[PDB]
Amino acid sequence: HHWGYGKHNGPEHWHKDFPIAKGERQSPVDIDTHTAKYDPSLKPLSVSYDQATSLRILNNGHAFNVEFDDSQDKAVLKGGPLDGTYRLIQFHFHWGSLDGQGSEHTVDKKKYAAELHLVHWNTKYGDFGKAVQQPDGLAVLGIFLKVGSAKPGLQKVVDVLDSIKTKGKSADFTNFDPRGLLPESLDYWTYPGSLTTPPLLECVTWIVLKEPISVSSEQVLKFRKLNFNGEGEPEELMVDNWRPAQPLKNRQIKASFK
Ligand SMILES: O=C(O)/C=C/c1cccc(OCc2cccc(CC(=O)O)c2)c1
Ligand code: NA
Ligand SMILES: [Zn+2]
């Protein structure tokens, strides 16, 4: 599987190997803020990252993943639209070549410079691989990034990217606190969707925060120095690793806030 983000292997090609690309609950989507409806039934959202145990950061040729020890209930997401407990397994970002693009979700068609995905799996299914086979297997917390003031909690990530420039490189990344990547408000939109990369499985409850975080131009410029290619291969900058908005079809986006 040689999927990627280029002209010949990018999102418009994915459906040939992954026909669910044209399915009924694909992600990302445009969030039309005027059509999203407040749902007074949503329970409070609970992000409990105090005992999070990061392990490693990996360039997988598509993005970089900060991985967590998910062998115990440490860092979990509960409440909101969710039933039960979802354990953090990894986070990663999608970003652009320019500050005007990079996010996967859009808000009233606005693209942000980047989008953070904190990926969690439903502990009722025992492991991530079983969870992705279920319609309620994953919860992905999505957070927009805009360019402005630096995000101090991001800088440790930024500073290790030089050591994982190319596809397949990993580095120790212990003691990283993902609480430093969250905005002040947990107001959110939620809808049922999919993974935004192959295999595009329709197993995700999306929770997209309304408040973006700000990162500096210098921080995102360092994301853009990463490579899609492996070591010793021709350089292809890791930029524009985002899937565009997909048809909403038979879905409603719910808001947690008035
Ligand atoms: O290597 C293989 O053959 C199968 C890989 C595989 C098999 C099953 C699942 C799966 O999920 C990958 C994943 C995890 C989290 C998020 C996303 C989409 C995104 O970039 O936001 C994709 C990957
Ligand atoms: Na717009
Ligand atoms: Zn993602």
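Just follow the structure's listing: the first ligand is 1, and inside any ligand the first atom is 1. FYI, side chains are in, hydrogens and waters are out, and symmetry mates aren't considered; it's all heavy atoms of this structure. Here, residue 1 is the first one in the sequence, and each next residue gets the next number.
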* Geometric N/O contact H92 with ligand 1, under 3.5 angstrom ->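 Among all N and O atoms of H92, at least one is under 3.5 Å from an N or O of ligand 1.
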Report yes or no: do [X] and [Y] form a side-chain donor-acceptor pair below 3.5 Å?
| X | Y | result |
| --- | --- | --- |
| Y191 | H105 | yes |
| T53 | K74 | yes |
| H117 | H94 | yes |
| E104 | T196 | yes |

* Close approach of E104 to ligand 1, heavy atoms, under 4.0 angstrom ->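 It does not, in that no heavy atom of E104 comes within the 4.0 Å cut-off of ligand 1.
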* By residue and atom, what protein N/O/S atoms are less than 2.8 Å from the Zn ion (ligand 3)? ->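 Less than 2.8 Å away from the Zn ion (ligand 3) sit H92 NE2, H94 NE2, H117 ND1.
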* Asked: For atom 13 (C) of ligand 1, which of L195, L200, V140 has the closest heavy atom?
  ->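 Answer by nearest heavy atom: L195.
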* For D50, enumerate each residue passing the side chain to side chain contact (heavy atoms under 4.5 Å, CB included) test, keeping only those at least two apart in sequence or located in another chain. =>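 Scan of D50 (side chain to side chain contact (heavy atoms under 4.5 Å, CB included), adjacent residues dropped) gives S48, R179.
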* At under 4.0 Å between heavy atoms, which part of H62 makes contact with ligand 1: side chain, backbone, both or neither? ->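 For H62, there is no contact with ligand 1 at all, from either part.
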For a quick test of your reading: what N or O donor-acceptor pairs under 3.5 Å do the side chains of residues 128-150 make, sequence neighbours left out?
{"from": "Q133", "atom 1": "NE2", "to": "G129", "atom 2": "O", "distance (Å)": "3.0"}
{"from": "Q134", "atom 1": "NE2", "to": "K130", "atom 2": "O", "distance (Å)": "3.2"}
{"from": "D136", "atom 1": "OD1", "to": "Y125", "atom 2": "OH", "distance (Å)": "2.6"}

* Results of salt bridge (charged side-chain N to carboxylate O under 4.0 Å, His left out) for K249 - residues two or more places apart only ->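 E24.
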* To do: Quickly, which of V158, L154, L181 forms a side-chain contact (heavy atoms from CB on, under 4.5 Å) with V215? Name it, please.
  =>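 It is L154; the other options fail the test.
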